[PDB]
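*Asks:* Below you'll find the structure I mean.
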Amino acid sequence: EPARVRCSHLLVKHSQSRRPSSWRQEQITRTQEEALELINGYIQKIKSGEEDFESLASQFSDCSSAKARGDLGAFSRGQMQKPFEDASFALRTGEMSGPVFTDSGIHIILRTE
Ligand SMILES: *c1ncc([N+](=O)[O-])c(N(CC(C)(C)C)[C@@H]2CCS(=O)(=O)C2)n1
């Protein structure tokens with residue numbers, strides 16, 4: 001394990017997220033059940049090749065990271081929410097997580113460095 005990893009991510013918020021608003025939608029109205037459907041449907045399109053992960057993150061991620069195509073940069077442990085941190089460090093570079101639940105919402109993660 002390295003001291004830091006670099007990941008991109010796509011976040012789908014829901015109405016019970018920590019902050020139920022984003023850059024692309026002033027009030028998040030969708031249920032967590034609908035947030036996961038989207039996450040799972042993004043995963044299948046990324047696996048089929050129909051969709052590109054960073055194109056999707058730049059259009060639909062409810063996180064400000066979307067303006068950088070999903071990239072967060074490099075981070076060590078002790079910084080992000082534990083579920084995101086653990087999931088990110090359990091990835092090989094170039095590997096894409098399944099769903100990841102944090103207080104912010106539901107995440108797909110892709111380790112790059
Ligand atoms: C979304 N876009 C950017 C970004 N960031 O600036 O790193 C985050 N972010 C970190 C902050 C705490 C907002 C600085 C996420 C918070 C939830 S997370 O653990 O998935 C990382 N989010």
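Chain labels run A, B, ... following the order of the structure tokens; each chain numbers its residues from 1, and ligands are numbered from 1 in the order shown.
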From chain A, collect each residue whose DSSP state is strand (DSSP E or B) and return the set as a PyMOL selection string.
*Replies:* chain A and resi 4-12+22+25+71-76+96+100-102+105-111
*Asks:* If we count only C-alpha atoms, what is near residue 107 in chain A at a cut-off of 9 Å, once residues fewer than 5 positions away on the same chain are taken out, given as a VMD selection string?
*Replies:* chain A and resid 9 to 13 39 61 84 97 to 102
*Asks:* Based on the selection just made, write N, CA, C and O atoms of those residues as a compact mmCIF listing (two decimals), in the first residue's frame.
*Replies:*
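out.txt written:
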# COMPACT_ATOMS: atom_id res chain seq x y z
N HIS A 9 -13.84 9.87 -9.14
CA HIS A 9 -15.10 9.29 -8.69
C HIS A 9 -16.27 10.00 -9.34
O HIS A 9 -16.17 11.13 -9.83
N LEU A 10 -17.39 9.29 -9.37
CA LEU A 10 -18.70 9.81 -9.71
C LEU A 10 -19.58 9.61 -8.48
O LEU A 10 -19.72 8.47 -8.00
N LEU A 11 -20.19 10.68 -8.00
CA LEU A 11 -21.14 10.64 -6.90
C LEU A 11 -22.56 10.85 -7.40
O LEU A 11 -22.81 11.74 -8.22
N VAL A 12 -23.49 10.03 -6.92
CA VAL A 12 -24.92 10.26 -7.09
C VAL A 12 -25.50 10.53 -5.71
O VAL A 12 -25.51 9.64 -4.85
N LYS A 13 -25.96 11.75 -5.48
CA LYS A 13 -26.59 12.09 -4.20
C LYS A 13 -28.04 11.63 -4.18
O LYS A 13 -28.61 11.27 -5.22
N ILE A 39 -26.38 4.40 -10.15
CA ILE A 39 -25.02 3.91 -9.95
C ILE A 39 -24.84 2.58 -10.65
O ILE A 39 -23.89 2.38 -11.42
N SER A 61 -22.03 13.61 -12.01
CA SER A 61 -21.58 13.51 -10.62
C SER A 61 -22.05 14.71 -9.81
O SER A 61 -21.81 15.87 -10.18
N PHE A 84 -15.16 5.67 1.71
CA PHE A 84 -14.48 6.09 0.49
C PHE A 84 -12.98 5.80 0.57
O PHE A 84 -12.38 5.30 -0.39
N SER A 97 -14.34 0.48 -8.55
CA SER A 97 -15.14 -0.09 -7.47
C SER A 97 -16.56 -0.38 -7.94
O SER A 97 -17.00 0.08 -8.99
N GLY A 98 -17.28 -1.15 -7.13
CA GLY A 98 -18.72 -1.19 -7.20
C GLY A 98 -19.30 0.01 -6.47
O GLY A 98 -18.63 1.03 -6.31
N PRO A 99 -20.54 -0.10 -6.00
CA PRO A 99 -21.12 0.99 -5.20
C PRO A 99 -20.35 1.21 -3.90
O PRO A 99 -19.80 0.27 -3.31
N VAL A 100 -20.28 2.47 -3.47
CA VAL A 100 -19.63 2.84 -2.21
C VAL A 100 -20.52 3.86 -1.53
O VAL A 100 -20.83 4.92 -2.10
N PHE A 101 -20.93 3.57 -0.31
CA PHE A 101 -21.87 4.42 0.41
C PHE A 101 -21.12 5.24 1.45
O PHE A 101 -20.38 4.69 2.27
N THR A 102 -21.28 6.56 1.38
CA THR A 102 -20.82 7.48 2.40
C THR A 102 -21.97 8.43 2.72
O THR A 102 -23.02 8.39 2.10
*Asks:* Using only C-alpha atoms, which of the listed residues (A:6, A:69, A:77, A:30) sits closest to residue 92 in chain A?
*Replies:*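 Selected residue with least distance to residue 92 in chain A: A:6.
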*Asks:* Can you work out which one of A:88, A:79, A:17, A:8 has the shortest atom-to-atom distance to residue 55 in chain A, counting only C-alpha atoms?
*Replies:*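 Among A:88, A:79, A:17, A:8, it is A:8 that comes nearest to residue 55 in chain A.
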*Asks:* With only C-alpha atoms and all ligand atoms counted and 7 Å as the cut-off, give the residues of chain A in contact with ligand 1, each with its shortest interatomic distance in Å and the pair that gives it, as a Markdown table.
*Replies:*
| residue | atom | partner | partner_atom_place_in_ligand_line | distance |
| --- | --- | --- | --- | --- |
| A:63 | CA | ligand 1 | 1 (C) | 3.7 |
| A:64 | CA | ligand 1 | 2 (N) | 3.9 |
| A:65 | CA | ligand 1 | 2 (N) | 3.5 |
| A:66 | CA | ligand 1 | 2 (N) | 6.7 |
| A:72 | CA | ligand 1 | 7 (O) | 5.3 |
| A:80 | CA | ligand 1 | 19 (O) | 4.3 |
| A:81 | CA | ligand 1 | 19 (O) | 4.3 |
| A:84 | CA | ligand 1 | 19 (O) | 5.5 |
| A:102 | CA | ligand 1 | 20 (O) | 6.8 |
| A:104 | CA | ligand 1 | 17 (C) | 5.3 |
*Asks:* With only C-alpha atoms as the counted atoms, please give the residues lying no more than 9 Å from residue 1 in chain A, apart from itself and same-chain residues fewer than 2 positions off, as a VMD selection string.
*Replies:* chain A and resid 3 to 5 89 to 90
*Asks:* Based on the selection just made, write C-alpha atoms of those residues as a short mmCIF file (atom, residue, chain, number, x, y, z; two decimals), in the first residue's frame.
*Replies:*
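Okay, result-v3.cif is ready:
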data_model
loop_
_atom_site.label_atom_id
_atom_site.label_comp_id
_atom_site.auth_asym_id
_atom_site.auth_seq_id
_atom_site.Cartn_x
_atom_site.Cartn_y
_atom_site.Cartn_z
CA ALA A 3 1.11 6.55 1.35
CA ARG A 4 -1.40 8.12 -1.06
CA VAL A 5 -3.58 7.07 -3.96
CA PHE A 89 -7.07 1.93 -1.12
CA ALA A 90 -8.41 -1.57 -1.86
#
*Asks:* For a quick check of understanding, using only C-alpha atoms, which of A:43, A:82, A:62, A:93 has the smallest distance to residue 28 in chain A?
*Replies:*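 Answer, going by the shortest atom-to-atom distance: A:62.
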*Asks:* In terms of the shortest atom-to-atom distance over only C-alpha atoms, which of A:41, A:83, A:70, A:49 is closest to residue 110 in chain A?
*Replies:*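 Comparing A:41, A:83, A:70, A:49 against residue 110 in chain A, the winner is A:70.
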*Asks:* One decimal, Å: what's the distance from CA of residue 50 in chain A over to CA of residue 24 in chain A, could you say?
*Replies:*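 Straight-line distance from CA of residue 50 in chain A to CA of residue 24 in chain A works out to 22.8 Å.
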*Asks:* Enter the distance from CA of residue 71 in chain A to CA of residue 16 in chain A, in Å, rounded to one decimal.
*Replies:*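 It comes out at 24.3 Å.
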*Asks:* Write out as a ChimeraX atom specification all residues of chain A that backbone DSSP assigns to helix (DSSP H, G or I).
*Replies:* /A:32-48,53-60,64-68,82-89
*Asks:* Filtering to N, CA, C and O atoms, could you give me those residues as a short mmCIF file (atom, residue, chain, number, x, y, z; two decimals), in the first residue's frame?
*Replies:*
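See again_7.cif below for the written result:
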data_model
loop_
_atom_site.label_atom_id
_atom_site.label_comp_id
_atom_site.auth_asym_id
_atom_site.auth_seq_id
_atom_site.Cartn_x
_atom_site.Cartn_y
_atom_site.Cartn_z
N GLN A 32 -32.74 7.22 -2.31
CA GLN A 32 -31.51 6.44 -2.33
C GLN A 32 -31.67 5.19 -3.18
O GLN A 32 -30.71 4.73 -3.80
N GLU A 33 -32.88 4.67 -3.26
CA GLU A 33 -33.12 3.55 -4.15
C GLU A 33 -32.90 3.95 -5.60
O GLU A 33 -32.31 3.19 -6.39
N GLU A 34 -33.34 5.15 -5.98
CA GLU A 34 -33.09 5.63 -7.33
C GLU A 34 -31.63 6.01 -7.54
O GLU A 34 -31.10 5.83 -8.65
N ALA A 35 -30.95 6.53 -6.51
CA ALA A 35 -29.52 6.80 -6.64
C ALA A 35 -28.73 5.53 -6.96
O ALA A 35 -27.82 5.56 -7.79
N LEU A 36 -29.07 4.40 -6.34
CA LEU A 36 -28.30 3.17 -6.57
C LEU A 36 -28.59 2.58 -7.95
O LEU A 36 -27.67 2.11 -8.64
N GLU A 37 -29.86 2.59 -8.37
CA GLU A 37 -30.22 2.25 -9.74
C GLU A 37 -29.34 2.98 -10.75
O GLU A 37 -28.79 2.38 -11.69
N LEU A 38 -29.21 4.30 -10.60
CA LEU A 38 -28.33 5.07 -11.46
C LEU A 38 -26.89 4.56 -11.37
O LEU A 38 -26.24 4.30 -12.40
N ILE A 39 -26.38 4.40 -10.15
CA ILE A 39 -25.02 3.91 -9.95
C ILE A 39 -24.84 2.58 -10.65
O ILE A 39 -23.89 2.38 -11.42
N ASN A 40 -25.77 1.65 -10.42
CA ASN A 40 -25.65 0.33 -11.03
C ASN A 40 -25.76 0.40 -12.55
O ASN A 40 -25.08 -0.35 -13.26
N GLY A 41 -26.59 1.32 -13.07
CA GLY A 41 -26.71 1.47 -14.50
C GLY A 41 -25.52 2.16 -15.13
O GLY A 41 -25.18 1.89 -16.29
N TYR A 42 -24.87 3.06 -14.39
CA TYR A 42 -23.61 3.62 -14.85
C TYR A 42 -22.53 2.56 -14.90
O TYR A 42 -21.69 2.55 -15.81
N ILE A 43 -22.52 1.65 -13.92
CA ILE A 43 -21.50 0.61 -13.88
C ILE A 43 -21.63 -0.32 -15.08
O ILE A 43 -20.62 -0.74 -15.67
N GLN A 44 -22.86 -0.63 -15.48
CA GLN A 44 -23.07 -1.57 -16.58
C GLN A 44 -22.70 -0.95 -17.91
O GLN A 44 -22.08 -1.60 -18.76
N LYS A 45 -23.04 0.32 -18.10
CA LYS A 45 -22.64 1.02 -19.31
C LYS A 45 -21.12 1.17 -19.39
O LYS A 45 -20.54 1.09 -20.48
N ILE A 46 -20.46 1.40 -18.25
CA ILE A 46 -19.00 1.50 -18.26
C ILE A 46 -18.37 0.14 -18.55
O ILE A 46 -17.31 0.06 -19.18
N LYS A 47 -19.00 -0.94 -18.10
CA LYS A 47 -18.48 -2.27 -18.35
C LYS A 47 -18.74 -2.70 -19.80
O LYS A 47 -17.92 -3.41 -20.39
N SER A 48 -19.87 -2.30 -20.37
CA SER A 48 -20.17 -2.66 -21.75
C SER A 48 -19.34 -1.86 -22.75
O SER A 48 -19.21 -2.27 -23.91
N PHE A 53 -16.24 6.53 -18.20
CA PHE A 53 -16.38 6.87 -16.79
C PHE A 53 -16.26 8.37 -16.56
O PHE A 53 -17.06 8.97 -15.84
N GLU A 54 -15.25 8.99 -17.17
CA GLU A 54 -14.97 10.40 -16.88
C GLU A 54 -15.92 11.34 -17.61
O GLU A 54 -16.26 12.41 -17.09
N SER A 55 -16.40 10.94 -18.80
CA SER A 55 -17.50 11.65 -19.43
C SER A 55 -18.75 11.65 -18.55
O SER A 55 -19.43 12.68 -18.43
N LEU A 56 -19.07 10.50 -17.93
CA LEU A 56 -20.23 10.41 -17.04
C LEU A 56 -20.04 11.24 -15.78
O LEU A 56 -20.95 11.95 -15.34
N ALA A 57 -18.87 11.13 -15.16
CA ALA A 57 -18.58 11.95 -13.98
C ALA A 57 -18.66 13.44 -14.31
O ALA A 57 -19.12 14.23 -13.49
N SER A 58 -18.21 13.85 -15.50
CA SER A 58 -18.26 15.28 -15.80
C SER A 58 -19.67 15.78 -16.06
O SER A 58 -19.91 16.98 -15.92
N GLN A 59 -20.61 14.89 -16.42
CA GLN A 59 -21.99 15.29 -16.67
C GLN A 59 -22.90 15.13 -15.46
O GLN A 59 -23.76 15.99 -15.21
N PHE A 60 -22.77 14.03 -14.70
CA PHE A 60 -23.80 13.65 -13.73
C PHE A 60 -23.32 13.47 -12.30
O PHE A 60 -24.16 13.19 -11.43
N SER A 64 -18.54 18.47 -6.81
CA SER A 64 -17.81 19.51 -7.53
C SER A 64 -16.62 18.96 -8.30
O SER A 64 -16.15 19.61 -9.25
N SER A 65 -16.12 17.78 -7.92
CA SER A 65 -15.05 17.14 -8.67
C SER A 65 -15.40 16.93 -10.13
O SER A 65 -14.50 16.64 -10.92
N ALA A 66 -16.68 17.07 -10.51
CA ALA A 66 -17.11 16.75 -11.86
C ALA A 66 -16.49 17.70 -12.89
O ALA A 66 -16.38 17.35 -14.07
N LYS A 67 -16.13 18.92 -12.47
CA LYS A 67 -15.51 19.87 -13.37
C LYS A 67 -14.09 19.45 -13.73
O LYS A 67 -13.55 19.94 -14.72
N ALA A 68 -13.49 18.55 -12.95
CA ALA A 68 -12.23 17.90 -13.28
C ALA A 68 -12.43 16.46 -13.74
O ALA A 68 -11.56 15.62 -13.50
N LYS A 82 -14.23 7.41 5.84
CA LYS A 82 -13.65 6.07 5.89
C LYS A 82 -14.13 5.14 4.78
O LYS A 82 -13.28 4.49 4.15
N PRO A 83 -15.44 5.02 4.48
CA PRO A 83 -15.83 4.08 3.42
C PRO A 83 -15.20 4.39 2.08
O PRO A 83 -14.72 3.48 1.39
N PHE A 84 -15.16 5.67 1.71
CA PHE A 84 -14.48 6.09 0.49
C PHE A 84 -12.98 5.80 0.57
O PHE A 84 -12.38 5.30 -0.39
N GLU A 85 -12.36 6.11 1.71
CA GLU A 85 -10.93 5.88 1.89
C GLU A 85 -10.59 4.39 1.79
O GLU A 85 -9.66 4.00 1.07
N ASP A 86 -11.32 3.55 2.52
CA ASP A 86 -11.04 2.11 2.45
C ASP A 86 -11.21 1.59 1.04
O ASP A 86 -10.37 0.83 0.55
N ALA A 87 -12.31 1.97 0.38
CA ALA A 87 -12.58 1.43 -0.94
C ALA A 87 -11.49 1.84 -1.92
O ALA A 87 -10.99 1.02 -2.69
N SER A 88 -11.08 3.11 -1.84
CA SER A 88 -10.06 3.63 -2.74
C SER A 88 -8.74 2.89 -2.59
O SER A 88 -8.08 2.57 -3.58
N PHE A 89 -8.34 2.61 -1.34
CA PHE A 89 -7.07 1.93 -1.12
C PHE A 89 -7.13 0.43 -1.41
O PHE A 89 -6.08 -0.18 -1.63
#
